[PDB]
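In PDB author numbering, the protein residues as written are 4 to 543. Have a look at the structure below, then the notes.
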Ligand SMILES: *[P@@](=O)(OCc1ccccc1O)Oc1ccccc1C
Ligand SMILES: *[C@@H]1O[C@H](CO)[C@@H](O)[C@H](O)[C@H]1NC(C)=O
Ligand SMILES: [Cl-]
Ligand SMILES: [Cl-]
Ligand SMILES: [Cl-]
């Protein structure tokens, strides 16, 4: 028996596995159950704490990926498939993972918790890109990532009912946070210093846990990468959620005869449905022709979220809090191949002006005609309005700015304004190994493999530049995680990464070159998106 691989948590004993990271061994305890399986009658309902077990639980392998839609756009192509599920599908899927150094660390170690993204529809904590082994080996960290429920299973809501209350995926995440608070000490982690970091939907989730008190009590620092709790895609009014669930039920023959009024007898019917029925039907309820919008997301129930996120970020008090926010250089591009006609991974995707206008209607789905007109006006180069290259890059920009960049702006501005200590970044490095075409720049999601330090694995064919860069990012993130500052304490030569402030508005470029400080995060464009646009498409 290996003393370092046997742990006894509150539920009982579990056995881990000694892994080879490049630079040495690490400890991995994978597939630890944190909730009773939300299957059958527990469908759509909040997680229940995992009932204690006997004997030593085998924690040496990844557990099931939560039942979910699978991406089929470009089959065989690494660039999409990397995000696809890599273990079996199952509603029995609420397991988590811990990486630590080997031997398990002597002193309480600052814990990193990873919340994955993927539309609140796709997702798994077991994907190669979210592999904690490098951070554990190299920076000495204790890294935790959980599975949470995505899709209808995680987010179908009849707001106010008992049987489908909404935001149960977030509650899964929270339960995982509680497990960490209650048990991470056993692995050498330190419950007194917990950082959540996430991406896309993940970041939105992190945002939500900032904004919802009982989660807020369970950690100390956040990192939001390319996503926010505010913004157009991360939430839904209870009205819309109710609409969407009702409609989904209708689509899977679940009125059954024509009803939907008795919620209990509706959710009941739904629970009698095969999981792939629900998947194969989930996207159908989206109200408009759109990209960067999924059917089932966090809902504004006045419970988990006491008000809209935007309200909360406006009126909160965040003195107690340090956040690291940032975006990649080309947020929008990835999404264009998923709906905006004229865009493909297979060519330069040069577009006509017509395709551009139609594309704006698709990308800013909830725009009024006048809103769309303002968008087109702002984004056109009126000197060369016909130029396909400018147009293409513009469409990428519209989608990026609208969905990611300017919400990150807004959120950093408010949090800074509201007491928090914020640090901001722009990730500008195209991975040498990127399989997506050149026109897509540094797409949404492609900084993760660096933060997790995958280029430290020589078999993975990054450049030495990229190995070094990876180590730099890892140092940044763990420094933050450890001490609410990404800077190197034992140094002055970086140069320093300054806090984002409403006054100075400073962020840094993370690329191969040394830190460079820039002021104004898409300032003017974001004034357009965040100050005017709402005055416009409302009061229309
Ligand atoms: P995000 O969750 O983006 C996906 C998404 C978000 C909102 C609506 C629809 C949709 O598809 O996560 C990623 C995007 C692209 C690549 C990788 C991830 C994790
Ligand atoms: C909903 O309506 C049905 C009758 O169609 C009834 O049997 C059931 O008790 C009702 N549920 C609740 C919780 O009132
Ligand atoms: Cl019950
Ligand atoms: Cl025109
Ligand atoms: Cl470009």
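All C-beta atoms in this analysis are idealised placements derived from N, C-alpha and C, irrespective of residue type, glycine included.
Rounding to the nearest angstrom, what Cα-Cα distance links residue 269 and residue 179 in this structure? In the chain shown, counting from the first residue as 1, residue 269 sits at position 266. In the chain shown, counting from the first residue as 1, residue 179 sits at position 176. Straight-line Cα distance between these residues: approximately 29 Å.
When you measure from the CB of residue 444 to every non-hydrogen atom of ligand 5, does any distance come out below 6 Å? Residue numbering aside, residue 444 sits at position 441 when the chain shown is read from its first letter. Result yes, Cβ under 6 Å from ligand 5.
Would the beta-carbon of residue 157 fall within 7 Å of that of residue 171? Here the question's residue 157 lines up with position 154 in the chain shown. Here the question's residue 171 lines up with position 168 in the chain shown. It is a contact, given that the beta carbons lie within the stated cut-off.
With burial defined as no fewer than 16 other Cβ atoms inside 10 Å of the residue's Cβ, what is the status of residue 369: buried or exposed? As a first step, residue 369 is located in the chain shown; it is residue number 366 there, counting from the start. Label assigned to residue 369: exposed.
The alpha helix (DSSP H) with residue 166 in it runs from where to where? As a working mapping, residue 166 is identified with position 163 in the chain shown. Residue 166 -> no alpha helix (DSSP H), and no H or E assigned at all.
Would you report the Cα separation of residue 545 and residue 360, rounded to the nearest angstrom? In this structure the chain extends from 4 to 543, so residue 545 is not present and cannot be described.
Out of curiosity, what's the CA-to-CA distance linking residue 150 and residue 36? Indexing the chain shown from 1 puts residue 150 at position 147. Indexing the chain shown from 1 puts residue 36 at position 33. Cα to Cα, residue 150 sits roughly 10 Å from residue 36.
For residue 181, which option in 456, 162, 99 has the closest C-alpha, if you only look at C-alpha atoms? What you label residue 181 is simply residue 178 of the chain shown in a count that begins at 1. Minimum Cα distance to residue 181 is reached at 99.
Rounded to whole angstroms, what's the CA-CA distance from residue 60 to residue 167? Just pull it up for me. Looking up residue 60 in the chain shown gives position 57. Looking up residue 167 in the chain shown gives position 164. Residue 60 and residue 167: Cα-Cα distance of roughly 31 Å.
Quick one: complete beta strand (DSSP E) runs, 3+ long, within the stretch 418 to 459? 424 to 430
Identify whether residue 265 lies in helix, strand or coil by the three-state DSSP scheme. Translated into positions along the chain shown, residue 265 becomes position 262. Three-state DSSP puts residue 265 in coil, outside helix and strand.
Determine the extent of the beta strand (DSSP E) in which residue 510 is found, giving its start and end residues. Against the chain shown, residue 510 aligns to sequence position 507. Taken as a continuous stretch (DSSP letters only), the beta strand (DSSP E) holding residue 510 covers 509 to 513.
Going by Cα to Cα distance, which pick from 525, 427, 470 is closest to residue 509? Position 506 of the chain shown holds residue 509. Closest option to residue 509, Cα to Cα, is 427.
Range covered by the beta strand (DSSP E) that runs through residue 464: Taking the chain shown and counting its residues from 1, one reaches residue 464 at position 461. Looking at the DSSP string, residue 464 is not in any beta strand (DSSP E), and its letter there is neither H nor E.
Using the DSSP secondary-structure output, state which residues sit across from residue 32 in a beta bridge. Taking the first residue of the chain shown as 1, we reach residue 32 at position 29. The partner list for residue 32 (beta bridge, DSSP) reads 101.
On a Cα-Cα basis, can you pick out the residue from 377, 503, 27, 407 that is closest to residue 538? By 1-based counting over the chain shown, the position of residue 538 is 535. Among 377, 503, 27, 407, the Cα nearest to that of residue 538 belongs to 377.
With which residues is residue 149 paired in a DSSP beta bridge? Taking the chain shown and counting its residues from 1, one reaches residue 149 at position 146. Answer is 99, bridged to residue 149.
What is the chain-ordered set of residues for which the beta carbon lies under 6 Å from any non-hydrogen atom of ligand 2? 265, 267, 268
Can you give the beta carbon distance from residue 212 to residue 331, rounded, assuming they're within the 8 Å contact cut? For this step, residue 212 is matched to residue 209 along the chain shown. For this step, residue 331 is matched to residue 328 along the chain shown. At roughly 22 Å, the Cβ-Cβ gap does not stay under 8 Å, so residue 212 and residue 331 are not in contact.
Have a look at the DSSP bridge pairing and note the partners of residue 61. Along the chain shown, read from residue 1 onward, the residue named residue 61 stands at position 58. Paired residue(s): 18.
Could you check the C-alpha separation between residue 310 and residue 402 for me, to the nearest Å? As a working note, residue 310 is residue 307 in the chain shown. As a working note, residue 402 is residue 399 in the chain shown. Answer to the nearest angstrom: the Cα atoms are 26 Å apart.
Within 7 Å, strictly: CB atoms of residue 420 and residue 505: For the purposes of this step, residue 420 is taken as residue 417 along the chain shown, with counting starting at 1. For the purposes of this step, residue 505 is taken as residue 502 along the chain shown, with counting starting at 1. Yes, the pair counts as a contact, with Cβ atoms nearer than the cut-off.
The beta strand (DSSP E) that contains residue 246, what's its start and end? Counting from one through the chain shown, the residue named residue 246 turns up at place 243. Counting along the chain, residue 246 falls outside any beta strand (DSSP E), though it belongs to the alpha helix (DSSP H) covering 241 to 254.
According to the Cβ coordinates, are residue 353 and residue 346 closer than 7 Å? Translated into positions along the chain shown, residue 353 becomes position 350. Translated into positions along the chain shown, residue 346 becomes position 343. No, these two residues do not count as a Cβ contact at 7 Å.
Once you ignore the five residues that flank residue 7 on each side, which residues in its own chain have a CB closer than 7 Å to its CB? The residue you call residue 7 lines up with position 4 of the chain shown. Counting only Cβ-Cβ distances below 7 Å, and skipping sequence neighbours, we find 30, 105, 106, 107.
Does the distance from the C-beta atom of residue 126 to that of residue 133 stay below 7 Å? Within the chain shown, residue 126 is the residue found at index 123, counting from 1. Within the chain shown, residue 133 is the residue found at index 130, counting from 1. Not a contact, by the Cβ cut-off of 7 Å.
Return the first residue and the last residue of the alpha helix (DSSP H) that residue 369 is part of. Against the chain shown, residue 369 aligns to sequence position 366. Counting along the chain, residue 369 falls outside any alpha helix (DSSP H), and DSSP gives it neither H nor E.
Looking at C-alpha atoms only, which residue of 348, 140, 267, 326 is the closest neighbour of residue 198? As a first step, residue 198 must be located in the chain shown, where it is residue number 195. Considering only alpha carbons, the answer is 326.
According to DSSP, simplified to helix, strand and coil, what is residue 195? The residue labelled residue 195 in the question sits at position 192 within the chain shown. DSSP places residue 195 in strand when its eight states are reduced to three.
Quick check: the Cα distance between residue 21 and residue 357, rounded to an integer number of angstroms? What you label residue 21 is simply residue 18 of the chain shown in a count that begins at 1. What you label residue 357 is simply residue 354 of the chain shown in a count that begins at 1. Taking the straight line joining both Cα atoms gives about 57 Å.
Output needed for residue 479: all residues of its chain with C-beta closer than 6 Å, excluding positions within five of it in sequence on either side, in chain order. The sequence position of residue 479 within the chain shown is 476, counting from 1. Once the five neighbours on either side are set aside, the close Cβ partners of residue 479 are 489.
Specify which residues have a beta carbon nearer than 7 Å to any heavy atom of ligand 4, listing them in chain order. 356, 360, 379, 388
For residue 76, three-class secondary structure by DSSP: Along the chain shown, one-based indexing puts residue 76 at 73. Correct three-state label for residue 76: coil.
How far does the alpha helix (DSSP H) with residue 176 in it extend, from its first residue to its last? Counting from 1 along the chain shown, the entry for residue 176 is found at position 173. 171 to 186 is the extent of the alpha helix (DSSP H) around residue 176.
Suppose contacts are defined by Cβ-Cβ distances below 7 Å. Is residue 140 in contact with residue 261 by that definition? Against the chain shown, residue 140 aligns to sequence position 137. Against the chain shown, residue 261 aligns to sequence position 258. For residue 140 and residue 261, no; Cβs fall outside 7 Å.
Quick check on this structure: which residue in 511, 14, 176, 25 has the alpha carbon closest to the alpha carbon of residue 460? Here residue 460 refers to the residue found at position 457 of the chain shown. Cα-wise, what sits closest to residue 460 is 25.
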